[PDB]
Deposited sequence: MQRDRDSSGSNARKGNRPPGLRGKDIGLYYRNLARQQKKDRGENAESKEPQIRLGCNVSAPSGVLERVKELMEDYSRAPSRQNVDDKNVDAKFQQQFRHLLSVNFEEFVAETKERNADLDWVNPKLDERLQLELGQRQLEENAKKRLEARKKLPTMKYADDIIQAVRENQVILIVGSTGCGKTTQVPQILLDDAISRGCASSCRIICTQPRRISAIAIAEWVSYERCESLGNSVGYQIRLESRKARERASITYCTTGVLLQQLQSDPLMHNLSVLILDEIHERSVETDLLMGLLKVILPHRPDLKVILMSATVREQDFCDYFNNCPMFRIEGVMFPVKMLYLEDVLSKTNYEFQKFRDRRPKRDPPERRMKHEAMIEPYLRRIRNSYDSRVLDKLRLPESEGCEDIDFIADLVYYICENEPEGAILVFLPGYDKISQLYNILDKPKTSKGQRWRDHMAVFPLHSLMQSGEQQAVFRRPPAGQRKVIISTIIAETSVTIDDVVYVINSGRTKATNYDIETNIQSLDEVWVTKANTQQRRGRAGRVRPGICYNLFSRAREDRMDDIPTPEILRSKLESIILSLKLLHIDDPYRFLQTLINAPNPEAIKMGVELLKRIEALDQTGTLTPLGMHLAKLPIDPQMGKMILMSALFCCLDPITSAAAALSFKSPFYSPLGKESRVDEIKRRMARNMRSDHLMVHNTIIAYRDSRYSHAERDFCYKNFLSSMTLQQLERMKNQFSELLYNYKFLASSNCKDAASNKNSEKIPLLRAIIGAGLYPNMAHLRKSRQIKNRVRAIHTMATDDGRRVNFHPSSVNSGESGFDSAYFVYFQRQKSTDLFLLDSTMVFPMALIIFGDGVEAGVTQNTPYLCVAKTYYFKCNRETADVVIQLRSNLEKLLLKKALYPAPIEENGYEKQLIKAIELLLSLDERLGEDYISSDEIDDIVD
């Protein structure tokens, strides 16, 4: 055992701490406690009854309204704004099965509709079952909720389904996503919402009494949330007979879901696309005859295949199939050659190029923009080239979707994003390298890694359809059929790669007290070893007690729309009065960093984050500094200029700004804040005290701690608390910096690509870790008294300061318990406040002089 720096405090300070604690310990309307205790007493049968009675609004129908809409539908179908809207609707394949779907829904609880993109199942099946209910004189009994995997799709589909009815939004169709909602009318309505929204709505209505029909869309995509939703329906549908579910899927293992619901009726509806010709790597080299020059394993795959096509393809071509680098995106100048080939032959249309990540996209842009070949220079000024990446500006602009200048061709160099999320309408030709990136968690080593991998059959199939929007197209797949033969069916259901604490905590509010039993009933059962690893985290932050039952803190954490660690972080900042910077920290780690990453400028972006980080040496405080800057730029009417100067997305920041209010309002409604404003001065008296912020940041990111040991940009010798050597990711503002006032760091995500990096970090002090962490004991090991945290880091500490810090952790642990059970804002001159001021004082001993 080694010994860190001395953390003993001056005598005058410990004397004040003991006095303030003596005050705290001279202390002697909680509806929350009665709610918490009820949830723990009742069994499931009793839980079912109570949620019935409490959500009984749909047990009521409106006959004067029933009739009026039935009268109004028949009448408004004869206008000359409709009947043209109906006739164009009836060209869609789904509408040809309208009356059978009506019947299959009447005769069965769960049906499934499988149909390719273009079939109109999603805009039409919701309308088909509403208009039927309205005419049958049943209108006010019908409330249809249809989920989507994505926010953007939920709106434009609802704006469209509202246009197909000659209505403004919020009459008979609505949408509701997080923090933004155009709600429909209460009854006789179609509401489009993201799966997350519906899952939060279950806390109040866990047996779906507040809807008559449920449509799950894009189930084949296997989002955690649709995967989760179908398990829960197995628990709900025995207690909800009047409830009608309609699952919806592409032609991607549709049978998994039909099996899953026991052999339910299944409609197949055909699509509306142009046919897109599939070319593979052999057929590409036959048309371009490109030459490459500057484990195998590769040969096991290619020679048995080359033999089956010895007489069907050229001889010089098939020898390049032996080169390991012909497939994938290994040779950019090859991919460079195929675009130039499309630009000359093969008629007019855009080129959408699918590359794995930021690095490979950046390479080809410069090749197409700054070519080394004469054939490249010939073309460069006749192509308008768009890189398409989440961290790049192009998605939030209008150009890439629209047509190029006259005489120039559009070439889109994209990651996996343009497969589902982004849709460019003038694409004819798709170049599919077949390579993508994926995040992998190894349960055994506690390492998340980011790897390039092959894509699956479902993906290529998705990218082929991307070419059939305007006219018949072509898809060039830069891998042979022998690769496709060995590719996976679908991607790993992401629930199998994900941490599970947040679901486990949520499941406790649906009176599903056993996560091992429940998660096994999903289509793909999660690793029970990852289920246990979930509970332990939750037990550690004390959202579950040692028996594993929900605790009063844990109910608050389950009622916040954020992972419990940062949920717990936010709650501390209410009790310690630093609300605004902390909820900036939380929204950022949950959602994402508002900074773009434009091509070439990465060096300049470092300088911007360095200036925004204000030498506070923390990525989380850096974003808050950005958010305070963004607010000032609104106050100056310089917002646009501000965002163009610092590579910032105003869309993100306003959404980051919205999450903070959602955080503040919840905390206020929960009785932890006196004001729902995240900016209010009382909620923020300590928002200027940096050593306090680092201590509340650490309370949430603990126990992901790092220790740094070397100085030289600067070279770093740093290891996480488990012994593995790490670095700051080059994107984090702590990369390369020297002269840290402290050698201890907390981080949210660590990840391996070319090294094991901490993607974000805040510099923290040993005293603050000791007070908010665990694994604390006082002792002697050398001939020195020590103080440790996580039983991992041992700090020189005299006895007088230890017995105060331990006594301080006792009182802190007593305060947090009572606040979870009996939430109220901390009064300014009460007993509770003295213990707070005792911690504020001990943490300011670490202030930068």
>> Could you spell out the stretches of the deposited sequence that were left without C-alpha coordinates, going in sequence order?
In response: 1-51, 80-89, 356-368, 787-792, 930-944
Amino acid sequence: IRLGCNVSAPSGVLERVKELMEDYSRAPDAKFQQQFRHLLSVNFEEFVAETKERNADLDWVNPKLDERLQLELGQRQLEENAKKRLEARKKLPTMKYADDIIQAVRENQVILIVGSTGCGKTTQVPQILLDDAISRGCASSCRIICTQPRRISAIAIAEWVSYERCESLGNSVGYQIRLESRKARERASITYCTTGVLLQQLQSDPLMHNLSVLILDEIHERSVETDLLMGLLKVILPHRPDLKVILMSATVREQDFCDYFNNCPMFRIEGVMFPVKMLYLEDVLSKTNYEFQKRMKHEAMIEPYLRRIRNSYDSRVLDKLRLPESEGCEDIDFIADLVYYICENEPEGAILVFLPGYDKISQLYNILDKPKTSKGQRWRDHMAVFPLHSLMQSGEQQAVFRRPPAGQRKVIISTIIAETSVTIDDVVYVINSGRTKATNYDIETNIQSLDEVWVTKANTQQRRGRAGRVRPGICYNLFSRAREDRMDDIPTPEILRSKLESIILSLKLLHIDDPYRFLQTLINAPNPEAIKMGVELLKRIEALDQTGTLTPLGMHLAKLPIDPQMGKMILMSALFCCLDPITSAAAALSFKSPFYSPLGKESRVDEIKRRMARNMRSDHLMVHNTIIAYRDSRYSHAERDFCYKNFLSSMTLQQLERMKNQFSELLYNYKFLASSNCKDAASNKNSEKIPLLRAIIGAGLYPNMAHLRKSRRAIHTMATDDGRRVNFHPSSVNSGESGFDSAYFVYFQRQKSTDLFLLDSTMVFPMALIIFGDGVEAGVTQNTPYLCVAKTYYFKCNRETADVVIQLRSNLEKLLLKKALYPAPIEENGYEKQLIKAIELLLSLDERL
From here on, numbers count along this sequence of modelled residues.
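What we label the rigid core is the largest C-alpha set whose atoms superpose within 1.5 Å from one form to the other.
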> So which moves more in 9 other deposited structures of this protein by CA, 313-321 or 101-109, given a superposition on the core?
Replying inline: 313-321
> Which stretch is more displaced from the shown form in 9 other deposited structures of this protein, 295-303 or 586-594, with RMS over structures and residues of Cα positions after a rigid core fit?
Replying inline: 295-303
> For the C-alpha atoms alone, is the average B factor greater in 296-304 or in 772-780, going by the entry?
Replying inline: 296-304
> What stretch has the higher average Cα B-factor here, 277-285 or 753-761?
Replying inline: 277-285
>> According to the Cα B-factor stored in this entry, which of the following is highest: 363, 618, 459, 626?
In response: 363
> Based on what the PDB entry reports, which of 57, 800, 53, 66 has the top C-alpha B-factor?
Replying inline: 800
>> Ranking every modelled residue in this chain by its Cα temperature factor as given in the entry, which third contains residue 630?
In response: middle
>> Taking only the Cα B-factors deposited for this chain, tell me whether residue 167 sits in the lowest, middle or highest third.
In response: middle
> Mind checking which third residue 236 falls in for C-alpha B-factor across the chain?
Replying inline: lowest
> Among the chain's modelled residues, which third holds the C-alpha B-factor of residue 375?
Replying inline: highest
>> Per the entry's values, where does residue 580 land by CA temperature factor relative to the rest of its chain, in the lowest, middle or highest third?
In response: lowest
